[PDB]
Amino acid sequence: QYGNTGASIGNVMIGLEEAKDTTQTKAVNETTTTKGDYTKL
Amino acid sequence: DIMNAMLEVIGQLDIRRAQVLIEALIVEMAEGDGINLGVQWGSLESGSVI
């Protein structure tokens, strides 16, 4: 990781993971899906 | 005598005053131009942008 660059790989990968669609499952059989925010990316 | 002197001073300080017509002219000519063009790129699936 480097600070010379515009943006650092850390915030970019974290942002891309936050942007992915997350699913939250509760079995017994509920499964919910939700889209993630892009605000970090 | 002093009377005849001050009347000759007053006579010459009483003259008519000419009057000037001052006409200014202000000219302001501006001009501007610009051309801004460029191509950007992006892929938001794996975030990569130009």
# chains A, B, ... in the order shown; residues from 1 in each chain; ligands from 1
call {"tool": "interface_residues", "arguments": {"of": "chain B", "to": "chain A", "cutoff": "12 Å", "atoms": "only C-alpha atoms", "output": "PyMOL selection string"}}
result
chain B and resi 43-50
call {"tool": "select_by_dssp", "arguments": {"residues": "chain B", "states": "strand (DSSP E or B)", "output": "MDAnalysis selection string"}}
result
chainID B and resid 42:43 48:49
call {"tool": "select_by_dssp", "arguments": {"residues": "chain B", "states": "helix (DSSP H, G or I)", "output": "list in words"}}
result
residues 2, 3, 4, 5, 6, 7, 8, 9, 10, 11, 12 and 13 of chain B
call {"tool": "atom_distance", "arguments": {"atom1": "CA of residue 37 in chain A", "atom2": "CA of residue 21 in chain A"}}
result
8.8 Å
call {"tool": "atom_distance", "arguments": {"atom1": "CA of residue 4 in chain B", "atom2": "CA of residue 16 in chain B"}}
result
21.4 Å
call {"tool": "atom_distance", "arguments": {"atom1": "CA of residue 39 in chain A", "atom2": "CA of residue 18 in chain A"}}
result
8.6 Å
call {"tool": "residues_around", "arguments": {"residues": "residue 23 in chain A", "least_positions_apart": "2", "cutoff": "7 Å", "atoms": "only C-alpha atoms", "output": "PyMOL selection string"}}
result
chain A and resi 21+25+32-34
call {"tool": "write_last_selection", "arguments": {"atoms": "N, CA and C atoms", "output": "mmCIF file, in the first residue's frame"}}
result
data_model
loop_
_atom_site.group_PDB
_atom_site.id
_atom_site.type_symbol
_atom_site.label_atom_id
_atom_site.label_comp_id
_atom_site.auth_asym_id
_atom_site.auth_seq_id
_atom_site.Cartn_x
_atom_site.Cartn_y
_atom_site.Cartn_z
ATOM 1 N N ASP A 21 -23.696 -7.360 -2.580
ATOM 2 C CA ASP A 21 -25.002 -7.640 -2.008
ATOM 3 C C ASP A 21 -24.872 -8.679 -0.906
ATOM 4 N N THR A 25 -29.194 -14.905 6.753
ATOM 5 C CA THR A 25 -30.027 -16.096 6.820
ATOM 6 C C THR A 25 -30.315 -16.474 8.266
ATOM 7 N N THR A 32 -32.934 -13.480 4.020
ATOM 8 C CA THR A 32 -33.124 -12.148 3.467
ATOM 9 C C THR A 32 -31.919 -11.756 2.624
ATOM 10 N N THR A 33 -32.171 -10.948 1.601
ATOM 11 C CA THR A 33 -31.115 -10.383 0.778
ATOM 12 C C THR A 33 -31.226 -8.865 0.796
ATOM 13 N N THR A 34 -30.076 -8.204 0.726
ATOM 14 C CA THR A 34 -30.004 -6.758 0.848
ATOM 15 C C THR A 34 -28.819 -6.272 0.030
#
call {"tool": "decode", "arguments": {"residues": "chain A", "atoms": "C-alpha atoms", "output": "PDB file, in the first residue's frame"}}
result
ATOM      1  CA  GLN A   1       0.000   0.000   0.000  1.00  0.00           C
ATOM      2  CA  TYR A   2       1.212   3.480  -0.875  1.00  0.00           C
ATOM      3  CA  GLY A   3       0.319   7.046   0.021  1.00  0.00           C
ATOM      4  CA  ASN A   4       1.790   8.636  -3.092  1.00  0.00           C
ATOM      5  CA  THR A   5      -1.149   7.275  -5.067  1.00  0.00           C
ATOM      6  CA  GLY A   6      -4.591   8.818  -5.317  1.00  0.00           C
ATOM      7  CA  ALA A   7      -6.340   6.068  -3.362  1.00  0.00           C
ATOM      8  CA  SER A   8      -4.957   3.165  -1.366  1.00  0.00           C
ATOM      9  CA  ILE A   9      -5.804  -0.478  -2.005  1.00  0.00           C
ATOM     10  CA  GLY A  10      -7.261  -0.829   1.484  1.00  0.00           C
ATOM     11  CA  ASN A  11     -10.144   1.597   1.096  1.00  0.00           C
ATOM     12  CA  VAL A  12     -10.766   0.313  -2.425  1.00  0.00           C
ATOM     13  CA  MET A  13     -11.101  -3.344  -1.462  1.00  0.00           C
ATOM     14  CA  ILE A  14     -13.118  -2.488   1.654  1.00  0.00           C
ATOM     15  CA  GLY A  15     -15.393  -0.335  -0.485  1.00  0.00           C
ATOM     16  CA  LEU A  16     -15.859  -3.098  -3.041  1.00  0.00           C
ATOM     17  CA  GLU A  17     -16.819  -5.549  -0.305  1.00  0.00           C
ATOM     18  CA  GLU A  18     -19.288  -3.102   1.221  1.00  0.00           C
ATOM     19  CA  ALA A  19     -20.786  -2.631  -2.246  1.00  0.00           C
ATOM     20  CA  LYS A  20     -21.509  -6.345  -2.673  1.00  0.00           C
ATOM     21  CA  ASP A  21     -25.002  -7.640  -2.008  1.00  0.00           C
ATOM     22  CA  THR A  22     -25.153  -9.173   1.465  1.00  0.00           C
ATOM     23  CA  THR A  23     -27.543 -11.932   2.506  1.00  0.00           C
ATOM     24  CA  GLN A  24     -28.612 -12.648   6.090  1.00  0.00           C
ATOM     25  CA  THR A  25     -30.027 -16.096   6.820  1.00  0.00           C
ATOM     26  CA  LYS A  26     -32.008 -17.337   9.821  1.00  0.00           C
ATOM     27  CA  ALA A  27     -32.737 -21.066   9.679  1.00  0.00           C
ATOM     28  CA  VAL A  28     -34.989 -23.315  11.770  1.00  0.00           C
ATOM     29  CA  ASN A  29     -36.314 -20.984   7.018  1.00  0.00           C
ATOM     30  CA  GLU A  30     -35.971 -17.229   6.528  1.00  0.00           C
ATOM     31  CA  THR A  31     -33.312 -15.883   4.152  1.00  0.00           C
ATOM     32  CA  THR A  32     -33.124 -12.148   3.467  1.00  0.00           C
ATOM     33  CA  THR A  33     -31.115 -10.383   0.778  1.00  0.00           C
ATOM     34  CA  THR A  34     -30.004  -6.758   0.848  1.00  0.00           C
ATOM     35  CA  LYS A  35     -27.892  -4.527  -1.383  1.00  0.00           C
ATOM     36  CA  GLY A  36     -24.891  -2.803   0.138  1.00  0.00           C
ATOM     37  CA  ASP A  37     -24.077   0.880   0.076  1.00  0.00           C
ATOM     38  CA  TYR A  38     -21.478   2.428  -2.208  1.00  0.00           C
ATOM     39  CA  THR A  39     -20.654   5.285   0.165  1.00  0.00           C
ATOM     40  CA  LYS A  40     -17.300   3.811   1.192  1.00  0.00           C
ATOM     41  CA  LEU A  41     -16.366   2.972  -2.390  1.00  0.00           C
TER      42      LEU A  41
END
